[PDB]
Visitor: 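Got a structure here, written out as structure tokens. Questions coming.
Numbering of residues begins at 1 and proceeds along the displayed sequence.
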Amino acid sequence: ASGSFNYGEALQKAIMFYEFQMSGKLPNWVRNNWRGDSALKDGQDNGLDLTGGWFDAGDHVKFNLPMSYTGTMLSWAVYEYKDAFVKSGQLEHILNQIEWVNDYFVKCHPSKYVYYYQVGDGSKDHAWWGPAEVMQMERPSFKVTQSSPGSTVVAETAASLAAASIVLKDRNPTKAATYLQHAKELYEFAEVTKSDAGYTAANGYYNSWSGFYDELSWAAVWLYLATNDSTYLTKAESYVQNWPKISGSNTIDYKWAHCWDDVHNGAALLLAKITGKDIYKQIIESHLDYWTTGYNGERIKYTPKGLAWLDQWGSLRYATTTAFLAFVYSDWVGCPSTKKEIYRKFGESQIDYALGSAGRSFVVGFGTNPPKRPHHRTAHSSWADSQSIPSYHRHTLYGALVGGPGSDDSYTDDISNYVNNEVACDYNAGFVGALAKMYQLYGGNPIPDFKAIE
Ligand SMILES: [Ca+2]
């Protein structure tokens, strides 16, 4: 313990958050005693068991694009920082969550070119305010096929399964082999179709804004790492030419973040490590330089108290993800010496901001004056279809990273504020990797055997 915060406790809780998002029939390894079985008929409108996975955010839709992004990110965290997970006693918990979500993706893949990408209707799900276990509305399931395709979600799902096949191989080699086979199939599905025309049920929520070429590289990278089949490296490298551009230009867009929609920056980082090529160093360093000291004379906005601030919706999600990339690249022997220090320092600053360096934690159930009214149906647990009843949440959503402050560091803590005070799978994903690095560096002991029991 050498750092400003208890990073082990923070890591432990940030992993635990995913328990609270669990959908379906809860297995005996679940630690908490306040979530119960939910959404048990998921899939039955299409003759399948599609139970499992995670509810996305403060809602109960299963949106497989951010869900699969999260899956990949959690495996990437283990792939980079396994020894931090082992030392903190957190490996078994993150592997449990990685197995959980990827088991749901396997369920969603019932024929080679049939992939279910959503369970729940956004409008019906969001119109009701109550806990998961007592939902009564219809929860339709949605699929892409060869004639009605979804390359972006399929490819991101391939990535998740390929990454899981690596990190779960020691514990469950049989399941790992199953994941890899589904990953390879889903990748072929994404490649043969090259289209999102059938990916419609997430519209207004998780549209594919950047297109699927970033996912085609990212999934091929993971599949190369899982297989050592050089064809996947060829494809990953190839698809770089179609990565998202600054509009009107031929320059890859470095001014956003690695996120559920756009995974090119993480793909670049891993391609720099795999191949050593300058092309990829140039990509990832433009991005990381823009976030830190500047690139070609422009830098991201910073709040007065030191948050790198991309957007008002999920600012902490973006900063904390970029923190994880900064750590992974600065840990690499190929990073320029000086940028190592700049990038690590940046990552520290952003995690410490999340954890409370500005005077207040943004992590539910952690630190000083954390959020107490996150925009989350199940944590709140209304019996009256009302955000105001009860006045206080009946359950603590330990570990949940909220959306974050305004550009002036301000924040309130309102149940109704889904911009600054929602919580989500993708918000915690890169955060968990970054917290593992901080624990590696600075320690802080997890609460021993901590379980969220009421
Ligand atoms: Ca994309």
Visitor: Could you tell me whether the side chain of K82 and the main chain of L91 form a donor-acceptor pair under 3.5 Å?
Guide: no
Visitor: Would you please name every residue forming a salt bridge (charged side-chain N to carboxylate O under 4.0 Å, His left out) with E133, sequence neighbours left out?
Guide: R35
Visitor: Okay, side chain of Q312, backbone of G406: is any donor-acceptor separation there less than 3.5 Å?
Guide: no
Visitor: Can a donor-acceptor pair be found between the side chains of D426 and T70 at a distance below 3.5 Å?
Guide: no
Visitor: Check whether any side-chain heavy atom of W129 lies under 4.5 Å from a side-chain heavy atom of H380, and answer yes or no.
Guide: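 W129 reaches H380 side chain to side chain.
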Visitor: So how far is it from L223 CG to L216 CG, rounded to the nearest 0.5 Å?
Guide: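 Taking CG in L223 and CG in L216, the distance rounds to 11.0 Å.
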Visitor: I need the full list of side chain to side chain donor-acceptor pair (under 3.5 Å) pairs touching residues 445-454, with sequence neighbours left out, sorted by first then second residue.
Guide: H395-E454
Visitor: Between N369 and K372, do the side chains contain an N or O donor and an N or O acceptor separated by less than 3.5 Å?
Guide: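 Yes, side-chain donor-acceptor contact under 3.5 Å.
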Visitor: In chain order, what residues pass the ring pair (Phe, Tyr, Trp, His ring centres under 6.0 Å) check against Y69, with sequence neighbours excluded?
Guide: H258
Visitor: Looking only at non-hydrogen atoms, find the nearest pair between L435 and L355 and report the distance.
Guide: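 Heavy atoms of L435 and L355 come nearest at CD2-CD1, 4.0 Å.
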Visitor: Can you tell if the side chain of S315 reaches within under 4.5 Å of the side chain of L307, non-hydrogen atoms only?
Guide: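 Yes, their side chains come closer than 4.5 Å.
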Visitor: Enter the distance from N207:CG to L65:CG here, rounded to the nearest 0.5 Å.
Guide: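 The CG atom of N207 sits 9.5 Å away from the CG atom of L65.
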Visitor: Does a donor on one side chain sit under 3.5 Å from an acceptor on the other, for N96 and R31?
Guide: no
Visitor: When the aromatic ring centroids of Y254 and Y295 are compared, is their separation below 6.0 Å?
Guide: yes
Visitor: Mind jotting down which residue pairs meet the ring pair (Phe, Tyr, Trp, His ring centres under 6.0 Å) criterion with at least one end in residues 422-454? Sequence neighbours excluded, please.
Guide: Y398-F450
Visitor: Please list, chain by chain and in numerical order, all residues satisfying side chain to side chain contact (heavy atoms under 4.5 Å, CB included) with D83, sequence neighbours excluded.
Guide: none
Visitor: Could you check whether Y280 and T275, counting side-chain N and O atoms only, form a donor-acceptor pair closer than 3.5 Å?
Guide: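 The criterion, which ignores hydrogens and geometry beyond distance, is not satisfied for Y280 and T275.
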Visitor: Any side-chain donor-acceptor pair under 3.5 Å between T51 and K107?
Guide: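 Yes, because at least one side-chain N or O of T51 sits under 3.5 Å from a partner of the opposite role on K107.
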Visitor: For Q21 and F55, indicate whether the former's side chain and the latter's backbone hold a donor-acceptor pair under 3.5 Å.
Guide: yes
Visitor: Would you say that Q90 contacts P446 through its side chain, given a criterion of any heavy-atom pair below 4.5 Å between the two side chains?
Guide: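 Yes - at least one pair of side-chain heavy atoms lies under 4.5 Å apart.
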Visitor: Examine the side chains of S416 and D414 and answer whether a donor and an acceptor come within less than 3.5 Å of each other.
Guide: no
Visitor: Regarding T303 and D409, is there a side-chain donor-to-acceptor distance under 3.5 Å anywhere?
Guide: yes
Visitor: Taking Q118 for its side chain and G120 for its backbone only, find out whether a donor-acceptor pair lies under 3.5 Å.
Guide: yes
Visitor: Under a plain distance cut-off of 3.5 Å, with no hydrogens placed, do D59 and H126 share a side-chain donor-acceptor pair?
Guide: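 Their side chains do contain a donor-acceptor pair, which is all the 3.5 Å distance test asks for.
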Visitor: Side-chain contact, heavy-atom cut-off 4.5 Å: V432 with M73?
Guide: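 Not touching, per the 4.5 Å side-chain cut-off.
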Visitor: For a quick test of reading the model, state the closest non-hydrogen atom pair linking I15 to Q97 and the distance between them.
Guide: O-CG, 4.3 Å
Visitor: When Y199 is tested against each of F212, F63, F142, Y117 for ring-ring contact (aromatic ring centres under 6.0 Å, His included), which residue passes?
Guide: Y117
Visitor: Closest heavy-atom contact between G306 and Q350?
Guide: O-NE2, 3.0 Å
Visitor: Restricting to salt bridge (charged side-chain N to carboxylate O under 4.0 Å, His left out), what partner residues turn up for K255, sequence neighbours left out?
Guide: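 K255 satisfies salt bridge (charged side-chain N to carboxylate O under 4.0 Å, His left out) with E298 only.
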Visitor: I would like to know whether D289 and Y343 meet side chain to side chain contact (heavy atoms under 4.5 Å, CB included); could you show each step before the answer?
Guide: CA-CA 8 Å; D289 293 344; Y343 289 168; 2.6 Å; yes
Visitor: Report the residues that fulfil side chain to side chain contact (heavy atoms under 4.5 Å, CB included) with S123, sequence neighbours left out, ordered by chain and then residue number.
Guide: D121, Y205
Visitor: Under 6.0 Å between the ring centres of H60 and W54?
Guide: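 Centroid distance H60-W54: not below 6.0 Å, so no.
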Visitor: Are any of the side-chain heavy atoms of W222 and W76 separated by less than 4.5 Å?
Guide: yes
Visitor: How long is the straight-line distance from NZ of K281 back to CG of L288, given to the nearest 0.5 Å?
Guide: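 Rounded to the nearest 0.5 Å, the CG-NZ separation comes out at 13.5 Å.
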Visitor: So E422 and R317, salt bridge (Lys or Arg N to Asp or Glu O under 4.0 Å) or not? Walk me through it.
Guide: CA-CA 11 Å; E422 199 167 5; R317 162 269 311 265; over 6 Å; no
Visitor: Sequence neighbours left out, what pairs pass side chain to side chain donor-acceptor pair (under 3.5 Å) with at least one residue falling in residues 322-336?
Guide: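 Output for this query lists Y81-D331, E285-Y329, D331-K437.
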Visitor: Do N64 and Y116 have side-chain atoms, one donor and one acceptor, less than 3.5 Å apart?
Guide: no
Visitor: What pair of heavy atoms forms the shortest contact from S382 to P390, and how long is it?
Guide: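 That would be CA-CD, 3.9 Å.
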Visitor: Does a salt bridge link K25 with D37, judged by any charged N lying under 4.0 Å from a carboxylate O?
Guide: yes
Visitor: When you check the side-chain N and O atoms of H287 and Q282, is any donor under 3.5 Å from an acceptor?
Guide: no
Visitor: Between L310 and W291, is there a side-chain heavy-atom distance shorter than 4.5 Å?
Guide: yes
Visitor: Under the ring pair (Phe, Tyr, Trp, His ring centres under 6.0 Å) rule, collect the residues that match up with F20, sequence neighbours excluded.
Guide: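 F20: ring pair (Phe, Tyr, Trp, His ring centres under 6.0 Å) contacts with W34.
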Visitor: For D261, which residues count as a salt bridge (charged side-chain N to carboxylate O under 4.0 Å, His left out) partner, sequence neighbours excluded?
Guide: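 Scan of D261 (salt bridge (charged side-chain N to carboxylate O under 4.0 Å, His left out), adjacent residues dropped) gives none.
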Visitor: Hydrogens and angles aside, do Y290 and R299 bring a side-chain donor and acceptor to less than 3.5 Å of each other?
Guide: no
Visitor: Taking the side chain as everything from C-beta on, heavy atoms only, tell me whether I98 gets closer than 4.5 Å to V167.
Guide: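 Answer yes - side chains close enough.
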Visitor: Looking only at non-hydrogen atoms, find the nearest pair between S208 and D196 and report the distance.
Guide: OG-OD2, 3.4 Å
Visitor: Where is the tightest heavy-atom contact between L161 and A183, given as atom of each residue plus distance?
Guide: CB-CB, 3.8 Å
Visitor: Side chain to side chain contact (heavy atoms under 4.5 Å, CB included) for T320 and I351? Distances and angles first, verdict last.
Guide: CA-CA 6 Å; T320 60; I351 304 305; 3.8 Å; yes
Visitor: In Å and rounded to the nearest 0.5 Å, what is the CD to CG distance from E99 to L74?
Guide: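 Answer for the CD-CG pair, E99 versus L74, is 13.5 Å.
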Visitor: Any side-chain heavy atom of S217 within less than 4.5 Å of one from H264?
Guide: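 When only atoms from C-beta onward are counted, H264 and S217 do not touch, as no gap falls below 4.5 Å.
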Visitor: Determine whether the side chains of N102 and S160 contain a donor N or O and an acceptor N or O closer than 3.5 Å.
Guide: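 Note: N102 and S160 side chains meet the donor-acceptor criterion.
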Visitor: Is it true that the side chains of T72 and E156 contain a donor and an acceptor less than 3.5 Å apart?
Guide: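 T72 vs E156: donor-acceptor pair found between side chains.
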Visitor: What about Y353 and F362, are their ring centers closer than 6.0 Å?
Guide: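 Between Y353 and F362, the centre distance is under 6.0 Å.
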Visitor: For the rings on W243 and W218, is their centre-to-centre separation under 6.0 Å?
Guide: no
Visitor: Applying ring pair (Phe, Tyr, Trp, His ring centres under 6.0 Å) as the test, list every pair that has at least one member in residues 300-319; sequence neighbours left out.
Guide: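 Checked against ring pair (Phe, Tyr, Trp, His ring centres under 6.0 Å) - neighbours excluded - the pairs reaching residues 300-319 are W256-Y318, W313-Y418.
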Visitor: Suppose we screen for salt bridge (charged side-chain N to carboxylate O under 4.0 Å, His left out). Which residues come up paired with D352, at least two apart in sequence or across chains?
Guide: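 Salt bridge (charged side-chain N to carboxylate O under 4.0 Å, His left out) check on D352 returns nothing, list empty.
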